[PDB]
Amino acid sequence: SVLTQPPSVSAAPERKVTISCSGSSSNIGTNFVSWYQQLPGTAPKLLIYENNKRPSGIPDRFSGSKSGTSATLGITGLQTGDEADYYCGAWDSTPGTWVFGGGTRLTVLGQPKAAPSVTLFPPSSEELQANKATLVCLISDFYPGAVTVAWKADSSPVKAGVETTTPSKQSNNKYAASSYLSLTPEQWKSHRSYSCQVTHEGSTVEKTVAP
Amino acid sequence: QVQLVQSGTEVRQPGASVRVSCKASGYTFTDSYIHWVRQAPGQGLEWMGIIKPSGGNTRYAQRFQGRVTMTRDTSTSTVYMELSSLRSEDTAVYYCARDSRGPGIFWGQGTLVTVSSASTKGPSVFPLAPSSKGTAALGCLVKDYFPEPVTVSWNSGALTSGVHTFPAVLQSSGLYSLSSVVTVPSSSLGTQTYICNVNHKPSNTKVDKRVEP
Amino acid sequence: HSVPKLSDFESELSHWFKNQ
């Protein structure tokens, strides 16, 4: 028993956005609908309850609607900070269970493009004293949220021992990622310059470390 | 100041039980229902059940009818959720919430429960030095730990500006690794020592590592 | 059928969440 929601909604700043929650007679048709917001990294926050009522502290730009087997969440004055996952919920009286939606990821449009800020950290001597080597490429503050990471050993492509993260949204609405090159101390001293190259929107930023 | 405080992260083997606690404060415990809702890593919200704090009446979802029990202590104003026959799909952040015609205004911080047959592994903290010579980055590498989570602070919490704790990578070994950085002016290199305070609750790891140039 | 018992939490909740 699940109410259905659009997987993704994109809309423009200072405009109105609409998220629709479709259900059945048992859940939305008979019972109240509540709308929640989950900003990245946080717990769900209630936005609307009892179809339209607003808990204290929630701005009037958030509005709630219900009709038959449908529910609607409306956001006026859309800001970049409103980018979050929005959820709908209701009570299904057939099983007697609170049913949630699948989530709607709101993306505000008109967001500029940022180049990845890349930092390459060489292996620590304490890790080298432990007969292990790790190169740490940390990428931050980039938008859109796609990035490709490639490693080079004295301009030779390093394929093995590379583990990269999926991009993650931050508080600033930009994305972050990390790549780790696990090498042996022999592989670290055998070359002269290990490099991390990060490609975003067609441009490449590269950083180099030496033994 | 209505506050719902939850217990800490828990690691359990498949087939065991976990008890999570939710202490409510700032209101009359018996005047509001309590919901329990879970969120799996990378997935959506799943309601688990509701408890009536007066008589202890409970309603559970069919998916968890066979594995969840909810209890209440009226004296201490606390709800208890116990999930048994634990399985890998029970690894999730579990939340308690006060009712407002559904899960409502006041929620908990969330308790991460990881169900795995693998043993917990303590983290290894290494200093990430700036290196070459304006902006610069220093940090700490928390390597080869299982399971999640790990909490990293800088200078015992006095340093909060320019601190970015990056999300962890799951390696082929099944262990996690994380890096926490502080962005500083490069003119301030060599003048301040930084200490990263790493905490890994599953392994009782509280390590303080110094990052100085 | 009888009137639901006050112990029926399912009916109490179906009445708590209901929207006439």
# chains A, B, ... in the order shown; residues from 1 in each chain; ligands from 1
call {"tool": "residues_around", "arguments": {"residues": "residue 131 (chain A)", "least_positions_apart": "4", "cutoff": "12 Å", "atoms": "only C-alpha atoms", "output": "VMD selection string"}}
result
chain A and resid 123 to 127 182 to 188
call {"tool": "interface_residues", "arguments": {"of": "chain B", "to": "chain A", "cutoff": "9 Å", "atoms": "only C-alpha atoms", "output": "ChimeraX atom specification"}}
result
/B:43-49,59-62,95,100-110,126-132,136-139,141,164,166-172,177-179,181
call {"tool": "residues_around", "arguments": {"residues": "residue 158 (chain A)", "least_positions_apart": "4", "cutoff": "10 Å", "atoms": "only C-alpha atoms", "output": "MDAnalysis selection string"}}
result
chainID A and resid 150:154 162 181 194:196
call {"tool": "select_by_dssp", "arguments": {"residues": "chain A", "states": "strand (DSSP E)", "output": "PyMOL selection string"}}
result
chain A and resi 8-11+17-22+33-38+45-48+62-67+70-75+85-92+97-100+104-108+117-121+133-142+148-153+156-158+162-164+168-169+175-183+194-200+203-209
call {"tool": "select_by_dssp", "arguments": {"residues": "region 42-168 of chain A", "states": "alpha helix (DSSP H)", "output": "PyMOL selection string"}}
result
chain A and resi 125-128
call {"tool": "residues_around", "arguments": {"residues": "residue 201 (chain A)", "least_positions_apart": "6", "cutoff": "10 Å", "atoms": "only C-alpha atoms", "output": "list in words"}}
result
residues 113, 114, 115, 116, 142, 143, 144, 145, 146, 147 and 148 of chain A
call {"tool": "write_last_selection", "arguments": {"atoms": "C-alpha atoms", "output": "mmCIF file, in the first residue's frame"}}
result
data_model
loop_
_atom_site.group_PDB
_atom_site.id
_atom_site.type_symbol
_atom_site.label_atom_id
_atom_site.label_comp_id
_atom_site.auth_asym_id
_atom_site.auth_seq_id
_atom_site.Cartn_x
_atom_site.Cartn_y
_atom_site.Cartn_z
ATOM 1 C CA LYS A 113 27.921 26.026 -12.861
ATOM 2 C CA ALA A 114 30.835 25.599 -10.467
ATOM 3 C CA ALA A 115 34.198 23.981 -11.078
ATOM 4 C CA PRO A 116 35.323 21.228 -8.704
ATOM 5 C CA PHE A 142 30.767 21.558 -7.921
ATOM 6 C CA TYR A 143 27.489 21.969 -9.818
ATOM 7 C CA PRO A 144 26.031 20.208 -11.782
ATOM 8 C CA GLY A 145 26.505 17.072 -9.705
ATOM 9 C CA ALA A 146 28.454 14.959 -12.196
ATOM 10 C CA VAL A 147 32.216 14.397 -12.145
ATOM 11 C CA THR A 148 34.667 11.911 -13.677
#
call {"tool": "closest_atom_pairs", "arguments": {"of": "chain C", "to": "chain A", "cutoff": "12 Å", "atoms": "only C-alpha atoms", "output": "JSON lines"}}
result
{"residue": "C:8", "atom": "CA", "partner": "A:96", "partner_atom": "CA", "distance": 11.6}
{"residue": "C:9", "atom": "CA", "partner": "A:96", "partner_atom": "CA", "distance": 9.7}
{"residue": "C:10", "atom": "CA", "partner": "A:96", "partner_atom": "CA", "distance": 6.4}
{"residue": "C:11", "atom": "CA", "partner": "A:96", "partner_atom": "CA", "distance": 8.7}
{"residue": "C:12", "atom": "CA", "partner": "A:96", "partner_atom": "CA", "distance": 10.5}
{"residue": "C:13", "atom": "CA", "partner": "A:96", "partner_atom": "CA", "distance": 7.8}
{"residue": "C:14", "atom": "CA", "partner": "A:93", "partner_atom": "CA", "distance": 6.1}
{"residue": "C:15", "atom": "CA", "partner": "A:31", "partner_atom": "CA", "distance": 8.9}
{"residue": "C:16", "atom": "CA", "partner": "A:31", "partner_atom": "CA", "distance": 8.8}
{"residue": "C:17", "atom": "CA", "partner": "A:31", "partner_atom": "CA", "distance": 5.3}
{"residue": "C:18", "atom": "CA", "partner": "A:31", "partner_atom": "CA", "distance": 4.2}
{"residue": "C:19", "atom": "CA", "partner": "A:31", "partner_atom": "CA", "distance": 4.7}
{"residue": "C:20", "atom": "CA", "partner": "A:30", "partner_atom": "CA", "distance": 7.0}
call {"tool": "residues_around", "arguments": {"residues": "region 7-11 of chain A", "least_positions_apart": "6", "cutoff": "10 Å", "atoms": "only C-alpha atoms", "output": "list in words"}}
result
residues 17, 18, 19, 78, 83, 85, 86, 102, 103, 104, 105, 106, 107, 108, 109 and 110 of chain A
call {"tool": "write_last_selection", "arguments": {"atoms": "C-alpha atoms", "output": "compact mmCIF listing (two decimals), in the first residue's frame"}}
result
# COMPACT_ATOMS: atom_id res chain seq x y z
CA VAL A 17 5.76 24.22 -7.89
CA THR A 18 3.24 21.40 -7.62
CA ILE A 19 3.85 17.86 -6.37
CA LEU A 78 10.57 28.83 -4.95
CA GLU A 83 15.66 21.82 -2.94
CA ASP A 85 12.97 15.36 -1.16
CA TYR A 86 9.25 15.87 -0.56
CA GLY A 102 8.13 7.21 -2.79
CA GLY A 103 9.53 10.73 -2.68
CA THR A 104 9.78 13.63 -5.11
CA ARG A 105 13.18 15.25 -5.64
CA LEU A 106 12.73 18.95 -6.34
CA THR A 107 15.41 20.66 -8.42
CA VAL A 108 15.46 24.44 -8.69
CA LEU A 109 16.52 25.69 -12.12
CA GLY A 110 18.76 28.57 -13.10
call {"tool": "residues_around", "arguments": {"residues": "residue 86 (chain B)", "least_positions_apart": "2", "cutoff": "7 Å", "atoms": "only C-alpha atoms", "output": "PyMOL selection string"}}
result
chain B and resi 14-17+83-84+90+115
call {"tool": "write_last_selection", "arguments": {"atoms": "N, CA and C atoms", "output": "PDB file, in the first residue's frame"}}
result
ATOM      1  N   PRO B  14      22.577 -10.998  11.841  1.00  0.00           N
ATOM      2  CA  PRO B  14      21.291 -11.503  11.344  1.00  0.00           C
ATOM      3  C   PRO B  14      20.716 -12.554  12.282  1.00  0.00           C
ATOM      4  N   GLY B  15      19.459 -12.360  12.667  1.00  0.00           N
ATOM      5  CA  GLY B  15      18.799 -13.246  13.600  1.00  0.00           C
ATOM      6  C   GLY B  15      18.727 -12.768  15.032  1.00  0.00           C
ATOM      7  N   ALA B  16      19.152 -11.543  15.317  1.00  0.00           N
ATOM      8  CA  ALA B  16      19.173 -11.016  16.671  1.00  0.00           C
ATOM      9  C   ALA B  16      18.057  -9.986  16.840  1.00  0.00           C
ATOM     10  N   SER B  17      18.112  -9.247  17.945  1.00  0.00           N
ATOM     11  CA  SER B  17      17.096  -8.261  18.272  1.00  0.00           C
ATOM     12  C   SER B  17      17.764  -6.942  18.627  1.00  0.00           C
ATOM     13  N   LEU B  83      12.964  -4.828  17.428  1.00  0.00           N
ATOM     14  CA  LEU B  83      12.879  -5.593  16.193  1.00  0.00           C
ATOM     15  C   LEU B  83      13.725  -6.851  16.335  1.00  0.00           C
ATOM     16  N   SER B  84      13.127  -8.003  16.058  1.00  0.00           N
ATOM     17  CA  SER B  84      13.779  -9.298  16.211  1.00  0.00           C
ATOM     18  C   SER B  84      13.850  -9.994  14.857  1.00  0.00           C
ATOM     19  N   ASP B  90      16.887  -4.764   7.370  1.00  0.00           N
ATOM     20  CA  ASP B  90      16.564  -3.930   8.521  1.00  0.00           C
ATOM     21  C   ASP B  90      17.624  -2.895   8.829  1.00  0.00           C
ATOM     22  N   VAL B 115      22.539  -4.277  10.392  1.00  0.00           N
ATOM     23  CA  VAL B 115      22.484  -5.725  10.541  1.00  0.00           C
ATOM     24  C   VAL B 115      23.471  -6.325   9.548  1.00  0.00           C
TER      25      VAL B 115
END
call {"tool": "closest_residue", "arguments": {"among": "B:58, B:71, B:91, B:135", "to": "chain C", "atoms": "only C-alpha atoms"}}
result
B:58
call {"tool": "atom_distance", "arguments": {"atom1": "CA of residue 191 (chain A)", "atom2": "CA of residue 204 (chain A)"}}
result
22.4 Å
call {"tool": "residues_around", "arguments": {"residues": "region 193-197 of chain B", "least_positions_apart": "2", "cutoff": "10 Å", "atoms": "only C-alpha atoms", "output": "PyMOL selection string"}}
result
chain B and resi 125-127+138-141+151-157+159+180-182+189-191+199+206-213
